[PDB]
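> Show me the folded form of this:
(one chain, ligands or ions: 1)
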Amino acid sequence: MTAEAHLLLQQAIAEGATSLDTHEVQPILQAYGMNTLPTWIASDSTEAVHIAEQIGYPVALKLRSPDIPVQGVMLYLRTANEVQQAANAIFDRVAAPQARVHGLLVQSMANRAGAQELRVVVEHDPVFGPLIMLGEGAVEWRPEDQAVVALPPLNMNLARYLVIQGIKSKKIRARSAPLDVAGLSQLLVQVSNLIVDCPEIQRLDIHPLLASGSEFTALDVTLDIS
Ligand SMILES: Nc1ncnc2c1ncn2[C@@H]1O[C@H](COP(=O)(O)OP(=O)(O)O)[C@@H](O)[C@H]1O
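Residues are numbered from 1 along each chain as shown. I have put the structure below:
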C-alpha cells in the first residue's frame, strides 16, 4: 500500500541511496498497481544458484551496483553450473573493488517473442513539472522527436486519447507479432498516480516495459530520488 511506499522512499534517502533499481522499487510500483518482474538479490555465486533453483530456469543475472549505464547482463542461464560460472564471472569481473556491489540481480527470463517492448520515462520540466514520456523500447531515445507526452494528473480518458494519437502519429506501433490501448492507458494513469503521490521521485525509467496484450510488465526500473 502507499504509506509503505513513502516510508521506503524516505528511508532510502536517509541512507543516501539516490538511485533505486528494480528489486528496490518493486513494492513501490505494486502499491500503485504496476507489475514488475520478480527480482532477487545475490551476494554470493552460491546465493545466485540458490535463487535460480527456486525461480526455475532460464534465468538472467545483472550486476547490482550504482555503476553501469561492459559485461553486467548474462541472459539465458539454463543450468545451476551456468549460473555459478556467470556469477563468478561478474563477481570476479568486479574493475576495482571500489563499487559497493551488495551483489547481483537474479530474475527469470521473460517471454519476449511476440511482445512489444516500450519505454516509459518521467522527467521534470522547469515550467511544466513532471512529464511522462512513452516511446518504443530501444537505446535511441529522442523524447522531443519521437515520444507521447503526458502531464500528471492523467485520467483514463485523456490517457487513451494520447495513446491513440501516438499510434496514429506512428510514434508507438498499433500492434506487432495487438497493443491493448486500455492497458497501456491504465499503466500511464498508474505512473501518474505514483508521480503525483511521490514528489521525492526525480526520475523514473521503465526500460523496457513489456507489452503482451493484457499484461504490461516492467522488466528493469530505475528510480532516482532526492
Ligand atoms: N529478465 C529478462 N528477460 C528477458 N529479457 C531481458 C531480461 N533482462 C534483460 N533483458 C533484455 O536485455 C536487453 C537489455 O540489455 P541491457 O544491457 O540491460 O540494456 P541497457 O544497457 O539499455 O540497460 C533488452 O533487450 C531486454 O529485453
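> the domain parsing of the protein - what is it?
2-37+112-225, 39-108 (automatic domain parsing).
> Out of those domains, flag the one nearest the ligand.
With Cβ to the nearest ligand atom as the criterion, the ligand lies closest to domain 39-108 of the domains of the chain, at 4.1 Å. (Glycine included, C-beta is placed from N, CA and C.)
> about what we covered before: turn the domains of the chain into JSON lines, including mean neighbour count.
As requested, those are exported to JSON lines (neighbours: other Cβ atoms under 10 Å):
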{"stretch": "domain 2-37+112-225", "mean neighbour count": "17"}
{"stretch": "domain 39-108", "mean neighbour count": "16"}
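> Residue 217: which element?
Using DSSP states H and E, residue 217 maps to strand 215-218.
> neighbouring strands for that strand, and are they parallel or not?
strand 35-36 (parallel), strand 201-212 (antiparallel) (DSSP bridges).
> Let me have these in a markdown table, adding distance to residue 155 as columns.
Formatted as a markdown table, the strands paired with strand 215-218 follow (distance: least, Cβ to Cβ, whole Å):
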| stretch | distance to residue 155 |
| --- | --- |
| strand 35-36 | 21 |
| strand 201-212 | 19 |
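> Show me which residues of the chain are close to the ligand?
37, 60, 69, 73, 75, 107, 109-110, 112, 117, 139, 208, 219 (Cβ under 6 Å from any ligand atom).
> For the chain, which segments are assigned as strands?
19-20, 35-36, 39-42, 59-64, 73-77, 103-108, 116-125, 129-136, 148-150, 201-212, 215-218, 221-225 (DSSP state E).
> wait, what's in contact with the nearest residue to residue 158 once chain neighbours are set aside?
The shortest distance from residue 158 to any non-neighbouring residue, by Cβ to Cβ, 6 or more residues apart in numbering, is to residue 150 (7.5 Å). By Cβ atoms under 8 Å, 6 or more residues apart in numbering, the residues touching residue 150 are 131, 132, 133, 134, 158, 159, 162, 188, 192.
> rerun that using 10 Å as the cut-off
120, 122, 130-134, 158-159, 161-163, 166, 185, 188-189, 191-192, 195 (Cβ atoms under 10 Å, 6 or more residues apart in numbering).
> for residue 137, same thing?
So residue 137 contacts 112, 115-120, 206-211, 219 (Cβ under 10 Å, 6+ apart).
> which two from the residues you listed end up farthest apart in space?
Greatest spatial distance in these: 112 and 120, 16.9 Å, computed using Cβ to Cβ.
> So in this protein, which helix runs the longest?
helix 181-197 (DSSP state H).
> Just the CA coordinates for that helix, please, in PDB.
Extracted C-alpha coordinates of helix 181-197, given in PDB (Å, rounded to 0.1, in the frame of the first residue of the first chain):
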ATOM      1  CA  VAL A 181      -4.800   0.500 -25.600                       C
ATOM      2  CA  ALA A 182      -6.900   0.200 -22.500                       C
ATOM      3  CA  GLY A 183      -4.000  -1.400 -20.600                       C
ATOM      4  CA  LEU A 184      -1.300   0.900 -21.900                       C
ATOM      5  CA  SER A 185      -3.600   3.800 -20.800                       C
ATOM      6  CA  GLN A 186      -4.200   2.300 -17.400                       C
ATOM      7  CA  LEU A 187      -0.400   1.900 -17.000                       C
ATOM      8  CA  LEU A 188       0.100   5.600 -17.700                       C
ATOM      9  CA  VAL A 189      -2.600   6.600 -15.200                       C
ATOM     10  CA  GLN A 190      -0.800   4.400 -12.600                       C
ATOM     11  CA  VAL A 191       2.500   6.100 -13.400                       C
ATOM     12  CA  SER A 192       0.700   9.400 -13.000                       C
ATOM     13  CA  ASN A 193      -0.700   8.300  -9.600                       C
ATOM     14  CA  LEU A 194       2.800   7.300  -8.400                       C
ATOM     15  CA  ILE A 195       4.400  10.600  -9.500                       C
ATOM     16  CA  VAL A 196       1.600  12.600  -8.000                       C
ATOM     17  CA  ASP A 197       1.800  10.900  -4.700                       C
END
